[PDB]
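Below, all heavy atoms of this structure are taken into account, side chains as well, without hydrogens, waters or symmetry copies. Residue numbers start at 1 and run along the sequence shown.
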Amino acid sequence: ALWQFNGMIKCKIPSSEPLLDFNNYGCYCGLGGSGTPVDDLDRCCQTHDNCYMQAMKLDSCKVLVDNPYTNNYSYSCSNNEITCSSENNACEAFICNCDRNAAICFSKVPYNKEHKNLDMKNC
Ligand SMILES: COc1ccc(C(=O)O)cc1
Ligand SMILES: [Ca+2]
């Protein structure tokens, strides 16, 4: 879920509060998304959004009422390395992977403050 993703991003980037630094950034980082990504970080979020859209189409995810933002899964952080647990079922695992790839993406690309709270009229 959302809380897991927060800790997952702090695992890769120890000095930030993901819910603040990465929320409402560009056209995709944050609830929703549309238009052409403004930068790679925004592209990281785009991919993450597609990943979620994909997960929602899994027979295994449809059975449960939990939302990708509200579905708790298991993972660990160790030596700043993220590991999705094998105790996770199909749906959770898929989501866990979506969040893992996004966290790493976040930590490998530039951050442009100018894009924080971007005017959704650029999307
Ligand atoms: C806490 O950071 C994020 C970043 C991107 C996504 C999103 O697009 O909703 C969610 C949370
Ligand atoms: Ca989004």
Side-chain angles (χ1 to χ4, degrees):
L2 190 60
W3 315 113
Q4 268 90 57
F5 189 39
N6 179 71
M8 218 181 238
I9 301 171
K10 301 180 63 176
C11 185
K12 307 261 63 175
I13 321 183
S15 65
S16 85
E17 288 299 337
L19 270 324
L20 299 174
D21 300 316
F22 296 94
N23 180 46
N24 262 75
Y25 179 111
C27 295
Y28 291 79
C29 304
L31 222 296
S34 72
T36 302
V38 299
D39 56 41
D40 305 313
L41 176 47
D42 201 16
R43 186 158 290 295
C44 285
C45 293
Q46 176 180 55
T47 299
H48 188 242
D49 286 3
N50 296 317
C51 204
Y52 270 11
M53 248 176 271
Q54 186 66 185
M56 283 169 85
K57 296 190 199 299
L58 301 175
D59 297 325
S60 297
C61 285
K62 294 192 182 64
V63 58
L64 31 94
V65 71
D66 272 303
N67 171 66
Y69 295 109
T70 72
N71 188 316
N72 293 301
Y73 57 66
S74 282
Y75 86 102
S76 71
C77 175
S78 188
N79 265 69
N80 300 90
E81 185 173 311
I82 308 175
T83 297
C84 286
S85 190
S86 68
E87 233 71 69
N88 289 164
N89 288 166
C91 183
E92 280 99 302
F94 190 96
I95 294 168
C96 189
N97 196 70
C98 285
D99 303 336
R100 181 167 182 287
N101 296 346
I104 296 174
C105 195
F106 286 1
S107 73
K108 288 298 170 63
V109 306
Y111 187 88
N112 305 305
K113 308 113 288 296
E114 307 85 306
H115 294 310
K116 268 291 298 180
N117 309 172
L118 191 283
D119 290 299
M120 296 295 251
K121 204 64 197 302
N122 290 170
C123 319

Novice: With a 2.5 Å cut-off on the SG atoms, do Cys98 and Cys51 make it?
Specialist: yes

Novice: For the atom pair CE (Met120) and OG (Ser34), what is the distance rounded to the nearest 0.5 Å?
Specialist: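 Between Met120 CE and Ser34 OG, I get 6.0 Å after rounding to 0.5 Å.
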
Novice: Does any non-hydrogen side-chain atom of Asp99 lie less than 4.5 Å from one of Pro68?
Specialist: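 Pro68 does not reach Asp99 side chain to side chain.
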
Novice: Return yes if some donor-acceptor pair links the side-chain N/O of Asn79 with the main-chain N/O of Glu81 below 3.5 Å, else return no.
Specialist: no

Novice: Treat each ILVMFWY residue as a node, draw an edge where side-chain heavy atoms are under 4.5 Å apart, and state whether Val109 and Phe106 are in one component.
Specialist: yes

Novice: Output every pair passing ring pair (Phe, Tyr, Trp, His ring centres under 6.0 Å) with a member in residues 30-87, not counting sequence neighbours, ordered by first then second residue.
Specialist: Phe5-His48, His48-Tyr52, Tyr52-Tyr69

Novice: Say you draw a straight line from CG of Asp40 to SG of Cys44; how long is it, rounded to the nearest 0.5 Å?
Specialist: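 Rounded to the nearest 0.5 Å, the CG-SG separation comes to 7.0 Å.
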
Novice: Atom NZ of residue position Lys113 - does it have more than 12 heavy atoms of other residues, nucleotides or ligands inside 6.0 Å?
Specialist: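 Counting neighbours around NZ of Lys113, more than 12 heavy atoms of other residues, nucleotides or ligands fall under 6.0 Å, so yes.
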
Novice: Go through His115 and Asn122 one step at a time and tell me if the side chain to side chain contact (heavy atoms under 4.5 Å, CB included) criterion holds.
Specialist: CA-CA 11 Å; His115 294 310; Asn122 290 170; over 6 Å; no

Novice: Given a cutoff of under 4.5 Å between side-chain heavy atoms of I, L, V, M, F, W and Y, with clusters grown through shared members, what are the other residues clustered with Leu58?
Specialist: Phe94

Novice: Is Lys57 close to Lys62 at the side-chain level, that is, under 4.5 Å between some pair of heavy atoms?
Specialist: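 SC-SC contact between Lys62 and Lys57 confirmed.
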
Novice: Could you give the distance from CD1 (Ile95) to CG (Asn67), rounded to the nearest 0.5 Å?
Specialist: 8.0 Å

Novice: What closest approach, in Å, do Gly32 and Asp49 show between heavy atoms, and which atom pair accounts for it?
Specialist: O-OD2, 3.1 Å

Novice: Looking at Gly30 and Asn23, what are the two nearest heavy atoms and their distance?
Specialist: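 Scanning both residues completely, I find the closest heavy atoms to be CA-OD1, 3.5 Å.
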
Novice: Please round to the nearest 0.5 Å and tell me the distance separating atom SG of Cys91 and atom CG of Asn71.
Specialist: 5.0 Å

Novice: So how far is it from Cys96 SG to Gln4 CD, rounded to the nearest 0.5 Å?
Specialist: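 It is 8.0 Å, given to the nearest 0.5 Å.
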
Novice: Return the minimal non-hydrogen interatomic distance between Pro110 and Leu41, and the atom names on each side.
Specialist: O-CB, 3.8 Å

Novice: Verify, without hydrogens or angle tests, whether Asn6 (side chain) and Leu2 (backbone) share a donor-acceptor contact under 3.5 angstrom.
Specialist: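 Judged by distance alone, no pair lies under 3.5 Å.
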
Novice: For the pair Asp39 (side chain) and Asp42 (backbone), establish whether a donor and an acceptor sit closer than 3.5 Å, ignoring hydrogens and angles.
Specialist: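 Indeed, once roles are kept as given, a pair shorter than 3.5 Å links the two residues.
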
Novice: Any side-chain heavy atom of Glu114 sitting closer than 4.5 Å to one from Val38?
Specialist: no

Novice: Any side-chain to backbone donor/acceptor pair from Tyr28 onto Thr47? Under 3.5 Å, distance only.
Specialist: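 No; judged by distance alone, with no hydrogens or angles, the pair does not exist.
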
Novice: Locate the shortest heavy-atom distance separating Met8 from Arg100; write the atom from each residue and the value.
Specialist: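 It is SD-N, 3.4 Å.
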
Novice: Could you measure the distance from the CG atom of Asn89 to the SG atom of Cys61? Nearest 0.5 Å is fine.
Specialist: 10.5 Å

Novice: Hey, can you pull the donor-acceptor pairs under 3.5 Å for the side chains in residues 9-22, sequence neighbours left out?
Specialist:
residue : atom : partner : partner atom : Å
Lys12   : NZ   : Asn80   : O            : 3.2
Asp21   : OD2  : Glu17   : N            : 3.1

Novice: Main chain of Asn117, side chain of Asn24: is a donor-acceptor contact present, judged purely on distance under 3.5 Å?
Specialist: no

